[PDB]
Structures are given as C-alpha cells and as structure tokens.
Amino acid sequence: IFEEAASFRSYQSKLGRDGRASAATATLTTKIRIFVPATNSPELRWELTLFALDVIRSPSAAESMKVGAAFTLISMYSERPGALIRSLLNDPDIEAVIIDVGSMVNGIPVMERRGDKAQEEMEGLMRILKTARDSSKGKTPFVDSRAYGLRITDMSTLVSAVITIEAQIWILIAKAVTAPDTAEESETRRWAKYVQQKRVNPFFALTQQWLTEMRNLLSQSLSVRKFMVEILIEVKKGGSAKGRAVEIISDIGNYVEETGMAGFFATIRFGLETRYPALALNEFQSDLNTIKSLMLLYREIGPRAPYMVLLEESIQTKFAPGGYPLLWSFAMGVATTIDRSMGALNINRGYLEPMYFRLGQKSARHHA
Amino acid sequence: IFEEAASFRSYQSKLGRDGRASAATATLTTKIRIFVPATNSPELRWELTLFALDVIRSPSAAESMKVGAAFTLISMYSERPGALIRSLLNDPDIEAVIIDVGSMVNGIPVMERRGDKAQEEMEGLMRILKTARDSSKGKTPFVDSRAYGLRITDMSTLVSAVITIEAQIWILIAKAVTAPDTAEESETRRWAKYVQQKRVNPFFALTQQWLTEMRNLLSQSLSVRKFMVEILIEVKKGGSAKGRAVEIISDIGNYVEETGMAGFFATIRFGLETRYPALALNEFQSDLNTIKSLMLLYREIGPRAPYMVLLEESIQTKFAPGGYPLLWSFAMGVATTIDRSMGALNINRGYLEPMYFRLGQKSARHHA
Amino acid sequence: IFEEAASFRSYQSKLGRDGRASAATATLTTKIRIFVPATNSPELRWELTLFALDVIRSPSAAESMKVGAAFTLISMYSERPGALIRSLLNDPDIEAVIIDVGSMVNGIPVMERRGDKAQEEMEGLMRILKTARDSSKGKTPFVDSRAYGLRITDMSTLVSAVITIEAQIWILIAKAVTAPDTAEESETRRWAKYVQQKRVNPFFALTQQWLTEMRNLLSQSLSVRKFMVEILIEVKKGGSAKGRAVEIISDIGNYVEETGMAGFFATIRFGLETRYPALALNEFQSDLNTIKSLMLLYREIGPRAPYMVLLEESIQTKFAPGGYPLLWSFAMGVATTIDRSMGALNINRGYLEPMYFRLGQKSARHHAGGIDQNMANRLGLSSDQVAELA
Amino acid sequence: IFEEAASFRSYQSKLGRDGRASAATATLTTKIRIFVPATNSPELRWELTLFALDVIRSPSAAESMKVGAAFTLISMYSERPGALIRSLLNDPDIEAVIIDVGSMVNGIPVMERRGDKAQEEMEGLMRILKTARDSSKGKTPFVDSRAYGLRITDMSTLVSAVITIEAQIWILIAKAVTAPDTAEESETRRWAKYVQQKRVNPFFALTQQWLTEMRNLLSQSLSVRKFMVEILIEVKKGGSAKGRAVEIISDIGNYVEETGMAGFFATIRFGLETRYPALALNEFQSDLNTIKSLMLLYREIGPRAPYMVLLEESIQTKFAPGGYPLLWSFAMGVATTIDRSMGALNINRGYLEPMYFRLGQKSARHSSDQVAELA
Amino acid sequence: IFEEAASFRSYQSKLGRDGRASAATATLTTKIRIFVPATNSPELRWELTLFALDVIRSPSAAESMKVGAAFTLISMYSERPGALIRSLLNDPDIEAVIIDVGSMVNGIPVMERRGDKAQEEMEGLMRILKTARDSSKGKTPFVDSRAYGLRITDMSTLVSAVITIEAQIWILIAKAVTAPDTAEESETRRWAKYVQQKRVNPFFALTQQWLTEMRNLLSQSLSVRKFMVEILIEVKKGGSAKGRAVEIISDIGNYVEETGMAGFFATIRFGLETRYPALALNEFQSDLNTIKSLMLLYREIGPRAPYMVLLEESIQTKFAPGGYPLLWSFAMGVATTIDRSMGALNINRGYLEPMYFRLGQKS
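Structure determination for this entry is recorded as cryo-EM, at 4.30 Å resolution.

With the PDB entry as reference, chain E is termed Nucleoprotein, source organism Nipah virus. Recorded in the entry header as its title is "CryoEM structure of the Nipah virus nucleocapsid spiral clam-shaped assembly". As its UniProt record puts it under Sequence similarities, chain E is described as follows: "Belongs to the paramyxoviruses nucleocapsid family."

The name recorded for chain D in the PDB entry is Nucleoprotein, from Nipah virus. Recorded in UniProt under Sequence similarities, the annotation for chain D is "Belongs to the paramyxoviruses nucleocapsid family."

Spelled out as structure tokens, the structure:
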C-alpha cells in the first residue's frame, strides 16, 4: 500500500543508472607531455626534480606544460617512473606522451636523448626556465637556500629529499579541491605532524611560494586531480608491502578520505546515529526514506566513494547534503551543540530548516 | 531500518580496504651495505662487535653505512648471522648487499674482499673509525672502559657481552618512535630489571652516550625499525624453545607490545570496560557504535597489530583515538579520576571536549 | 606376469623424477654486467649495438663481459630492453646486474651510470674497443664497411637494422650447441631464405669473421644459451600477434626445434612410423618397450622438450639414441636406405650394430622400400603389378 | 602400442602451441603517418588519390612515409577513411598517427594541420612530389595521360576511379609476397577479367611503372601486408551485402586464398584425394601420419588460414611441404602427369625424391576397364 | 583416416564463411536521383515512359543520371511507384532520392519548383533531350513512329504498352552480364515467344538503338543490375498470384535462372546425372569429392543461388567451372557428343583437358 510509494522512490533512484554509454559521448582528447626520470642514477634524478619544481614555479609556462610538470613531480615515487604513470593513469580527456629523459645532461632543461625534431625545443625550455627564475625573483623550490643548490649524487639523500617534496604535494590535495582558501591552517597542521614524527627530512622543506603555485595548479586542473585520485585509490588498497614512500601517501590518505562528502557523513554521524527522541517525529519520515535510498546508492557507487568530491563525479550531486533538508537542519542543530570541535565548519546554506535548527539545538543541549 | 545506518558506518570503515595494490607503486630501492659475521670464532665476533659499535658511534660514516652497521649489531644473535638478516629482512624500500667478511685480517675495519680496489674502502673504514673515536672524545662503547678494552676469547664472555649490548638496543625501540625525549625514566627502569633479574652481564654495560646515539639512529631510520619489527613478530610466536639470546628478546617484547597504540586500548580499558551507568546517555550511542567498528577493524588488520605505530602502518591513522571524541573525552575523564597511575601520560590534545571530560570525572569520582 | 616387468622398466624410468630439490644443490652464482637500452631513440640504439657487436668481437674482453654483451645484443628487440631480460631470465648459474645506459657519448663504450668511482671503467671500455679494432685487423662487424660506419637517426632504419643483426644471432643458435664446426653450410642456407623472402634487411649483413666469433661465444657459454632457449620457448607460445621482431625468432624456431635430439626423432620417423614388417621380430621387442617408455617420458618432461639438448637437460641423456641400440641400428639402416636426403648425417657411433643395421638396410631395401609389411588395406584390391614396380 | 607413437607425434606438434605470450616479447613500435580522406567531397578525394599515387612514385621519400601512403591508397573504400584504418588495423610493429586530411587544397602535399611548426613539411612534400615527377621522366600515375590531369567533380566519377585504383592494389597482393618478380603474367590475367566483366572502369588504368613501384612497396614492407591481410580477412566475413567497391576486394580474394601455401594444398588435392592404389604402399605410412597431423594442425591455426604465407605467420614453416618429402614427391609425380595445368609449378627443391617421384609418374599413367585402356 | 582428408577439404571450403563484417567496411555512398510517377493515370505513365526512354537515349546525360532514369523506366510496373522502389531497393553502394513528379508538363525531363537555380537544371534537361534526338538522327523510342507520338489516356492501353517496354528490358538481363554482345539472337528468340503467346502489344515495339543503349547501361552499371535482380527475386517468390506485369517478368525468369553458372549446371546434368562408365575411373575420383563439397557449399550460400552471376556475388568465383576441371572436361565431352543443343556453348577455357574431354566423347 504505502510500501509501494517507498519502493517507487527507490525505483526512481536506481532507474537508468545501468547500461553502457555510446562512444559518441567521448570528449576531444588533449595531448599532454610527461617528461619522466629515465634511470636509477641520483645525479639525473635530483636535477630532474629541480627542473620539474621550476616548470611548476614558472609564471610564463602554459597549462599544457604545467600539468605535465606536475605529473613528473608526483611520479618521482616509482622505481620505473614512466611505467607507474602510464599504468595507473586512466582518464579519457587526456592522451599522454611519456618522454624518458636522457640523463638531463643538457643544462637547465631536460635534454632530448635522441635529439629534437626542432632544435628550439631545447630553447623554449631555456626560456621557460629563465622566466621561472626571473619571475620568482631568484626563489628556489626550498625555504632554506642550501637545499636549492644541493645537486645530489647519492640515493640516501635523494630519497630523503624526494619523500619530503612528494609529501608536501600530497598535503595540499586534501584541501586544494574543496576550499583552496582557508587552506593554509590545515595543511601546515598536517606538515608539522609528518616532520615531528620523522617521516620526512625537514632540511629539504619546500617554500610557501612553490606550495601556493602547486595548490593553484590542483584547484584549476581536473586532469591532474584525476591522476592523483587514481594513485590515492590504488595505494589505499592493502595486499602489498610499503616503503617510506607509499607510507607517506597512505598517511596523507587518512585526512583525504571522505573529504567533500561532508554533508552525507554529517547526517549519518549526527542526527541519524545520534538517534535523539526527536527522530520519532512524523515530519522526518520523508528525510529518513531519503537517507535509506542514499545509503543503498552510496554502496552502488562503489570503489570511487571515498573521493567523490575530489573527482567532481556526477553521482555526488545526489549525495549533496542539501538533498535532505529537514533531517540535515536538525543534524547540524545537534552536531554544533554537542561537539565543541564541530560548527567551525561554515554551514551558512539557505537549505537550513529553522524548526530542525532550533529543534536540533533544543534536543541536544536543553533536553537532558 | 536504523540498523542500515550502523551497518553503513561499518561499510565506510571497511570500504575499498580490500584487494591487492598495483605493482607500479613499487618504490625506488635504496642499496645498503651490511657487514656480517663470517664465522663462529670469538675473535671475529668481538672485533666485529667493536667495529659495529664504532660504525654507530661514528660522526664520519654516512646514514646508509650507519643503518647497515645497526643491522650488523642486532644480528649478532644468529648461529648463521647472514641467514638471519636475509630471511627476516622483508621491506621493499631498502635492499641489502650483505658481505660476510671472515678474515678480519686487516685490522679495525673489515677486510676488502678482492684486493687493490678495496684499498679506498679500507681507508674509508679507517676514517670512519678515527672520526668515531675523535667525535666521541675517546669514550668507547662500554661505560667502564676496561670492557671496551677486553678482547673476548671465550664463548661465555662473548654471549655475556652480546646479550648485554642487544638488550641495550631493544630497550630503545620501546620509546624511539613514540617519544624519543622523555625516554630516560622508562629506559633506566627497564635496564634495572634485566640486571637485577640476572639476565644480562654488567661487565659488558653500554654507555648512555652510545645508547642515545643509537636511539636517535633508530628513531630517524625506517629500515632499522623494519628489521627490529621483523624479529619482534618472529620471536613473539610460540612453538619453539628459546636460549638466553631469544629469551632476552622475548622479555623485552612484553614492554614493546601494543606500544604507541595507547589511545585505542585506553578507551577499551577505561570507560568501556568500566561501564559507568552514564554510558546509556543519548549522545554517546553513535560513539559506541564507532568504537565497536574500530575494535572489529583492529582484529581484521591482524598480524602486524602489536606494533602498528612503530611500523608507521597507515591503517593505524584510522584507528587513532582522536577519531571518537565524545567517548574518548569521557574515557579519560574517568581514567584520570579513578586510576592514580594514569594521567601521568600527557593527553593535552585538541579533540578534548571539557564538558564530556568533566562528565567523565563527575561519573567516576563524585557518583561512587 | 610379463606385464609386471614392462611396468617395472617404466617405474625405474620415472622413479626419483618426483619431489622438489633440496636447496643445498643451488650452484655458486656468477655476477655478470648487462648494459641494456635505457631509451627508444635510435641515436642511442645504433651506437649501443655497435658497442655490443665490438664487445663480442674483442680479443681482450673477459668472458664475464662477453656474456653480458651477448645478452645486450639479443635484447635489442624489446620496447623496454631491460624489462625483457629481467622478466624472462630465469637460470640459477648467473645473476645479472643491469644498468640501462643512456648517453653512450663516451665513444665506443657506454657512459658510467652514476659517474664512475674510477674513471678507469671508461678506460677499460676504451681498451676493449681498441683491442677489438686492432685484433680484428680493422675488419668491422658488417661485410660491407659503409654499414659499420653508418650513424642511425630514425626508428625505421633502426628496426630494419636491429631485426637484421638479431636474425644473424638467432641463425647461430640452431647449430652453435649441436655442431659448432661444419656450421657454415647450414647457417648460410637459412640466411639465403630470410634475405630472398625480404624478411631481413641485407644492407646490415654481418661478416663471417664476426659470425664465427659469436658462434664460438655461444658454444662455450652456457649462461647465454640458457637465456636464448628461455626466449625461444617463451615467444613460441601462441595466442599473440607477432611483429617483424617476434616473427624472425619464431621463423628461426622451425630450424631450432628438435635440434640435437637427432637420435630420438630419427627412430620415430624412420623404422617406427614406417611400421616395417620387422617390428614383431622378437630381437627388438624390449627395444620397442624401451622406446615406449622414452616417448611417455618425453611427454612428461613437457615445456623444455623441443630444446632439451641445447638446455643440457639431464633427462635428455636417457633419451639419447645409444639407449635403444637394436631399434636404433635398424631405424638408421632403414632411414639411410629409404630417405635420399638423410644419411648425410655421420652415424659412426658405438651403438650401431652392423648385423641389425644390415637388417635395416636389407629388410628395407630388399623389401623394395618397406614392402616387407604394408599396413594399408581397404584402399581396395592389392596391385601385384604395383608391388613388382616397387 | 603403435597408436602411442602416432598420438605422440600429434602431442609434439601441439605442445607449446597453448598459453599466452609474455609482454616483454613486444617488438619496438614504429610511428607511421597516414594522411586520410577528411570529408565526403570528390574534389578532395581525387586530388588526394593523385597525391598518394605520387607519394608511392617518389624517389626521395622514406619507407615510413611510403607505407603510410599505401595505407591511404587502400583505405579510399571507406565512408570514413580514418575509421576504416583504426578499426581494421591490428598489427603490433606499427603505431599509426592518422592525420585527417584538412581539405589539403594547398597544392600537391597535405595542408599543415594547425599551421606547421616547420613549414618545411609542406616543402618536404613539394620535394617528394618534384623528385617523383622528375625521376619518373614525367610519367603520371594513369597510363593515358588525360586521366592524370583530370580533376573529379562528382561522386559517380570518383567511385569509378577509386574502384579502378583499388583494384590495381588488390591485383598485386596475389603475387607481392609469394613471387615478387615474374608477377606480370598473373596480374595482367586478373586485370583482363575485371575489365572484360566491365566491373572496373578502364579510363582509370594505372601505369606499369606505378604498379611495379607499388608491387615492390608490398614486397619490401611487412607492415603494409599485415594491414592488407587484416582487411582481406575482415571483408571476407559474411552477414552483409557487398556493392561494387567491397565486391572487387572480395572477388580478388577468391584468387588470393591459400596463396603461398601451394605445396600443402597440392599434396591434399593431388596424391591424397586422388587415392591411387599405390597409396597403400607400406613406406608411405609415416607420411600419411604426417599429413594427418598437418591437417589437424591447419584446423587449429584457424581464421588466418587463407593467408598464412602472406602474413609471414610462424606456424607456416611447419605447414611447408618438405615436411612430408616422400608423400610430397609422390604427390608431385602424379600431379605433373595427370593435370595439364600443373607442372608450371617450380619443383626444383631438395625435398623432392627423384626415385619416388618417378614412382608417382609411373603410378599415374599406367566392369569393362576398356574405356581406361582406350583413353 | 582418408575420410579425415575429404572432411578437411570440406572444412577449408566453409571455413571463415561465418561471422558478420565490421561496419567501417561500408563503401562511400552514391546519391542517385529517381524521378517517379506521382499519380495513377495512363496519361502520366505513357508520357513519362517516353521521357525515360529518351533520358536513356540521350548522349548528354551523365551516368549517374542515366542509371536513375533506367530505374524510373523499370519501376513503371508498380501500383505505387515510390513504394515499389523504396521497398525492393536493397543495395548499399547507392542512396536513392525519390522525386515524385506533379504531372510534369516540362518536356523530356521533370518540372522543377525548387527555384531559380533549378531553371538551369531544366535547360540542362532540354539540352539532354535535344542532344538525344539529334545524336540518334530522329529515331524515337519505338521502331514505328506512331508509337513515339501515342499519348495514351486509359489503363488497358497503358498496361499493354508498359508491359511491352518492360518485357523489352527483361529480355536483356538474360545476356547483359553473361555475353553483352552476341545478345540479339537470344533476345529476339524470347521476343518471338511473348508475341506468339499474345502477352506483349507489338504496336509499342522498341527500337534496336534504344534496346542496345539500355543493354549497354545494364552491362556497365552494377547498381542498376542490383535493383533489377532485387525485383526479379521479389516477384519470383510466392504468397500471391501474378497478373500481366509480374507474369511477364516471371516468364522471362525461366531463361534467366542459373545464368552465368553454365559450368556448374552442365557438370550436374551431363556426366554426373548420366552415370557414364566413366564414373568408374579412379583418377577422376577426387573430382567427385570436389563436386560434393561444391553442392554442400551451394546449399549454404542459399537464397541468391539462381542469380549469383547477375549479382556479381564473390562466392560465385569459387563456384566457377574450372575449379573442378577434370570432371568438367569429361562432362563437356559427354554433353557435346550426346546433346544436339549443347556444344553451341563456347567452352574454350584453359581449364579443358583434351585427354579427359576425348574420354568423355569416347565414352
């Protein structure tokens, strides 16, 4: 009877989710160049890292170069850096050329191992590097200047440094694509942890200027975030040994998961699991039926679920906490009253339901 | 119905944890040199012991040499020291070249295996040994100097000394990666125990200066901690008799287990097991459901669990006690009020809610 | 009754084949240096091939270097040469250290990976290259000298050339480890084919002097042959498309399979499959029981089978033709008589018994070429006329 | 007993056929540029065909360009030339870049894709075209010169011409990789058929000089032959009507089947199927067991079978006659004696056994039975 | 044992016949204009036939227009012109645009209401019609001039005339694709039949010049032959009686079936069905195995079988006569010797074996 209606709401939520899209939907593929560390020699690897840091730091380089730079920077983990990128990178909008560097013996820029079709390739690179230095007023990637000059020759120092730079990229991801302003407090708090706990070597610390340039790159590029979230999912899975490298990633992961699914979690944690007497009220029924459909839906979205927000994924709109307003308004009213740490999240949405906001507060705070 | 929500919280906690990580994530391996005991002959063991103590004492050796030295020092246990290292040492970031030199013909340093080309190596070793002596202001490994002086000739003296030094490394592990300052109280208390119980031979006693230098090496290197935790898991298993050597390890184990998963056990021991009537109060429900999910999760993570923190194991971040704030602030409020021994641990963290902590105090102290 | 005996012979043959071998049997490993292609751009690839050709040509290079060179030479195929070696190479006597050399701007040798602890590495290379030139009296790898000089700049030229050199390695394998003298006739016969069919690019032809030096390297090094046979097995597996590279390997394979198991195959082809009226002859019955045990054994050995001899695989010894003497002496006697191309094989071996061989000859020849017993019926009524013609 | 041996021969033949080959065996992929028809306009299509004929005629152009040109030439069939290449092309040695022709009304070569980084490419093309004209002493692709000049304005003329050029590609495949000299006799014999049948429009006849230059391109490039054989298999499959274009391909196919497996089929047709009483002779038993193993093997090789030799397919070696000498020599001795058309096959091979072949001959030329005596 | 070989030959012959070809192989589609009778009056139908005869007679029209003209001319059969073309037309190389004329008073070609640029088109048509008349030295569609002027008004006369012209198209198909010259003897022989049987109305007899121009159009166009054979198959099928129009087609069909498969039928009829002592010969045994494989193959090709030649169907090549030469040479030797009508068929192929052919005669 009434059961038909509830089942129908569920039917609508699942309807047409299935099937396989026609290939005509394929968006025009962008050719992106990834310069990638050729061998396990520390001389090449340090210099290539410096090159890549500077590509990203350059004010005059185009977006196409900058994304490729960012891909070099966050592939430095790998024993076979080119293979790591090519094999995990799985996003249709971008078609990769991976270029394995010739020991970077050319000079400031990466040096074409087999020789350029155009000899200016080397110079466009030179202009890019010069403009990078000049526009940044001489500021090298590191905060403390000896590090900018380092020119490393040994594996131990290399890994100390690489782990350190990588960790400083991955600190950013957590906020770069949810609120890239307000970001600094959180990302410094996470940095302090990794350094204090001796996971990464602070002698190699990367400058606010480099970090802001990378944070902005993350905010403004989907294609970068696609590769990042691919890796973030891959290393979240168990069934493998990890070195210091994968360990830092996994550590960052514990901040990164669930991020930008705030509302879905907040109604589950506060209000639903809170089970305040007010949950029995007739008005809530529609909201409860909503959440049920949401939980089953969340299951169906599957492996990408811990990173929906970062992926910009379509499904996430349905999850948007704005979807279940009565329950949500009450869920904030409880949450903000009961947890002193909560409520520092800005919840000024027009979707707040006054009755539930006053009633959630009145349940949690002045009802025992 | 409401059961779905609780099951969903559990689902989130386990979601995508499963499966086996793609091989592209395999990190660039660092090559590390380990000198090994070529023989069961006392001359070599005492000379290799002195060599190894000095490698670790050296200002002149690089970190890559120092880790390998630490591995020599804490593999002295084995009947076949090279087999012990090769068979237990099993983390991908650091790849061992273990060369057992048997002659020890050359002097203070190990003998160059091939000849002419080894000449640079032997003088590198000489520099390392000189710098060790000089930088330590003449203080040898042992606290009372005749011991550094004694060239051991008897199995009995050897084992007395080796067991003594090994115990002094294992006393460090317990705090090196949980609180590397503040350590002294605990590490002295454990020293007193082994000596008073007549397990370790005080003629061999190792100097605070050398122990601090090695404790810091352990704190700052993952590769050493990986070998230590390999041994710590292996000797935690039953199904074997242990001789003096394995027995000292196992004894240390009883301090080392659970260490730096402090928060997790504290909610279980205090607050949860204590079952104050106050546990029935509305607000807590969600937190209790949380802890349940955590406990079952902890179980599922399995063999590594007694040393997760020391292993930097990522899974552990999720488990971290800051995760369940209401229940935790109340598990402490109780703990600090009811147990005179508790509260000596510094618990000044940002997730504390004073109201909930006081409710904990008010439950445990002024309600019975 | 008698069945017990036959089953017992089979039991002896399979006894102790089973189990997994105790670790103490693991042989003392040789460390070898393998330079591999760090990149996909010809400039490097042509120069590295010249380096490697010269490593193998050198009078002054150590065997340890030469093995490693041969591995470089026969890995030029790969999209990722280092991965091809590391992933297929699975033999316990030899442990490879592989550094993919990029620059190779040193000259004749590679460029030292991390920089050399001694610059003498580069001078060792220089000595190797000088000694190569000098000892060869200036005769270069290729038969027409222009080729030896020619700096290669494009993928197309590179693949044309690499295919050419690789094929010249794989032409050797077929005889290097069965009969490394007498070799020239066969290896030229196979070369003629590939060139006439336009599969392999004659501009890159390699000199008799170079080919003999490489043939000898193959004969005298086991570790090389192990890698070759490993690749030869691996790419022989079906369920894949093949490009020019894999195709030349597979083509060589048709000469390489069964090779140096001559005796086993010859008894099968000649005598046995021929089903001459003499099979029932009591003298051979145990011989036949022997061969049956052999055939079932061969099946059981499995994966290595078409190349047992080249692999030096022990079980091969049992299969060796001396083992079934009566049947073999008769399988030859028939074979020599009946098949015009055969018999050019030297079979002056201790297992051949004149009386039984003469029986093979006469029984086949006087039989009018296996007319002693024909198995074919139901084709129709027997032609007496046809029998007389035979 | 004896049965074990026969089963064992079969086991050896199929041993190691199984499994999936390790990826390390992948050979270094060559980047090849294919200019392909951009739009459905006969103006562009005629001109681009002339360009492509000339790319293949050019003396100074690299093999990499020439293969890509040949792929343009034999993708003229398709409504969408780029899609035809991408969808049929499945051969690992070559990685294609499809430069979709941008109208290319710019002259002899392609138009520069987005404005060239180096316009030397259009000038490289100009050099290629000049050298082509000059080296060929002014002979244009078509044999009667008006055709070489003629700009094409309607689809009708376009299809007439394209069918004509394509047929000239497909007449080559029959001998390109099986007898790359001496080809003329056969290729002319097949030309006569298509013209006499009025299937392809002789106004667009292509010059012997252009046809020999394309025949040689086929002989010397594997990558080309791979694509040809891929298309030849794909269009052979049924479940569709074919009109004139695909029908010319398919028609050529019926000559092209089994090609360069001559000896294998010949033992089946002549000797074996012929079942002369002499087939019962005892010596042959091992040969018969051989043929049986071959036939079952052939079955196992499956879809590529009609073109094994042309595809350079490895298995082909095993299939080669010479693998069954006695049966083969007997098969020939009969064949040459009984069939007037045979014997034009070149039988100078070592695997031939004179004595046994003289037996094949002697067998072949030797309830009334009166009729047989009379004839 | 030997049976495996025979089975294997059959396997080879059928191997890879299966499956459905990837769509990208679809050949570049040609747009063809068919002007078609708009409404059901004999007035329009007569005039439009005159128009169409002249379109095909014109020296000035392009081949693409000429094919489309021929399609107009041989779609006159249908009760509903547009529907007849759209529903039978099933050949992928050609994409038809149908134009239904509004009682075209324009002249030889259609009237055009598309606009100002189409005024040139109508003058192109005028030039085409003029050049047709002029180049043919005044010879109109019919042999006897009154027919060229006729302008019939009523259904009975219309169908009499249309069936007459259409029968003159259908007499051609019999030799168009199998001997396009030397055609006259056969096409006249079929003409004699239809006139003597009173099926076709001789006042409307069509001129040798027009018939040769249509014969040539059939020979030189695949696209046209595809439509012809589509209609020829469709009207051959049952589930309905056929009156005069379809009946004439079907009558012609009895000459048209098996055409250009001469060799195949001849081996079956002569030699095989005849069970000569020659069946005994061992040497010709394989040939037998060949024919068996062929017959089973023929079955598998299915619905198009009686018209493979006309359709240019590739699988047809396999079916070819000299594919099974020994048996064919003997089948010819028997056929030419025993049947007075045979032997007038040209059998001068390189496939013929004189010894075996003589054995066939000697038999």
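The rest of the description comes next.
**Topic: the packing of helix α15 (residues 325–338) of chain C against helix α16 (residues 354–365) of chain C**
Residue and element names in this part refer to chain C. The contact between α15 and α16 brings their axes to 7 Å, and the two run at 35°. Here the hand of the crossing between α15 and α16 comes out right-handed. Residues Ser329, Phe330, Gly333 and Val334 of α15 form the contact with α16, whose participating residues are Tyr356, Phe357, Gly360 and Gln361. Residue composition of the contact of α15 with α16, by class: four nonpolar, four polar and no charged.

**Digging into the arrangement of the chains**
The two units chain B and chain D are non-contacting; their minimal C-alpha-C-alpha distance is 15 Å. A gap remains between chain B and chain E, which never touch, and the nearest two C-alpha atoms on either side lie 35 Å apart.

**Description of the interface of chain C and chain D**
Chain C puts 16 residues into the contact, and the matching count from chain D is 15 residues. For the side of chain C that touches chain D, the per-class residue count stands at two nonpolar, nine polar and five charged.

**Observations concerning the environment of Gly360 of chain A**
Residues and elements named next belong to chain A. Within the secondary structure, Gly360 is located in helix α16 (residues 354–365). When the C-alpha atoms of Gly360 and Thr336 are compared, they prove to be 9.1 Å apart, with 24 residues separating the residues in sequence. Setting aside its immediate chain neighbours within four residues, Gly360 contacts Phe330, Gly333, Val334 and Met355.

Procedures and definitions
Residues numbered from 1 in each chain as written, not as in the entry; some residues may be left out. Chains lettered and ligands numbered in written order. Part of a larger assembly, values for the part shown. Heavy atoms only, no water. Residues with missing side-chain atoms left out of burial classes, pairs and counts. UniProt positions renumbered as here; feature names shortened; annotations may be inferred. Axes fitted to C-alpha atoms, helices over the stretch in contact; angles between N-to-C directions. Helix = DSSP H or I, 4+ residues; strand = E, 2+ residues; numbered from the N terminus. Left-handed = near helix turned anticlockwise from the far one by under 90°. Contact = heavy atoms within 4.5 Å. Nonpolar A, V, L, I, M, F, W, Y, C, P; charged D, E, K, R; others polar.

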